[PDB]
Amino acid sequence: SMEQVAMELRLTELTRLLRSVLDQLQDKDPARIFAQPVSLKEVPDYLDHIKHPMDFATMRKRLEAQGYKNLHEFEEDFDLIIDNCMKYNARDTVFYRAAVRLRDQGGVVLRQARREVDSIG
């Protein structure tokens, strides 16, 4: 069907728009602490602490496989990154300080991105 075609083209263009948003968010991690999944070799107990790990490259696999049906699903994954960090790592750490920084700065990118999803449909 063609009504299936227009659902796709509208997804394809969410997927376009999220790509931009992720690039902006991942510029807020200049140190690349969030670039990649926490290594299980390096931190073998990690999953005893964090049940749903998340990182930018894992979000990016799922984005290029059109796997975010809306913005909320993308926003949930981003918050996973931040929240996991701020539980696993103590307050007086480079790691926790960087999640606090990404959360504050990424809140601006997301607050505009929410309007452009609603506007553009």
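How many of the residues making up region 1-47 are touching an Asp or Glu at 6+ places or on another chain (Cβ under 8 Å), more than 22 Å from residue 116 (Cβ to Cβ) and surrounded by 12 or more Cβ atoms within 10 Å (Cβ to Cβ)?
4
So, in region 2-59, exactly how many residues are among the small types (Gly, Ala, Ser) and either in contact with a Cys (Cβ under 9 Å, 6 or more places away or on another chain) or farther than 19 Å from residue 99 by Cα (or both)?
Adding up the residues that qualify gives 2.
With respect to residue 73, is the statement that it is in a helix (DSSP H, G or I), surrounded by fewer than 15 Cβ atoms within 10 Å (Cβ to Cβ) and either touching a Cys at 6+ places or on another chain (Cβ under 8 Å) or in contact (Cβ under 8 Å) with a residue 40 or more places away in the chain (or both) true?
no
So, in region 1-37, of the ones that are free of Cβ contacts under 8 Å to residues at least 12 places away in the same chain and not in a helix (DSSP H, G or I), which residue ends up farthest from residue 88 (Cα to Cα)?
Per the stated criteria, the residue is 1.
Report every pair of residues separated by at least 6 positions or lying on different chains whose Cβ atoms are under 6 Å apart, first residue within region 48-60 and within 19 Å of residue 15 (Cβ to Cβ), second assigned to a helix (DSSP H, G or I).
Pairs that qualify, where the first residue is within 19 Å of residue 15 (Cβ to Cβ) and the partner is assigned to a helix (DSSP H, G or I), are 54/77; 54/80; 54/81; 56/26; 59/77.
Looking only at region 76-83, decide whether some residue is without any contact (Cβ under 8 Å) to a residue 60 or more places away in the chain, surrounded by 13 or more Cβ atoms within 10 Å (Cβ to Cβ), within 30 Å of residue 121 (Cβ to Cβ) and touching an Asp or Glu at 6+ places or on another chain (Cβ under 8 Å).
Yes, region 76-83 contains a residue that is without any contact (Cβ under 8 Å) to a residue 60 or more places away in the chain, surrounded by 13 or more Cβ atoms within 10 Å (Cβ to Cβ), within 30 Å of residue 121 (Cβ to Cβ) and touching an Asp or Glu at 6+ places or on another chain (Cβ under 8 Å).
Which ones in region 38-54 are more than 20 Å from residue 73 (Cα to Cα), outside any helix (DSSP H, G or I) and either of a type in the set (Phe, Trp, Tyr) or within 15 Å of the chain's Cα centre (by Cα) (or both)?
38
FYI the Cβ positions are ideal-geometry reconstructions off the backbone, even for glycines, and counts take in every protein chain you see. Laboratory data are not the source of any read-out in this text; all were calculated from the coordinates shown.
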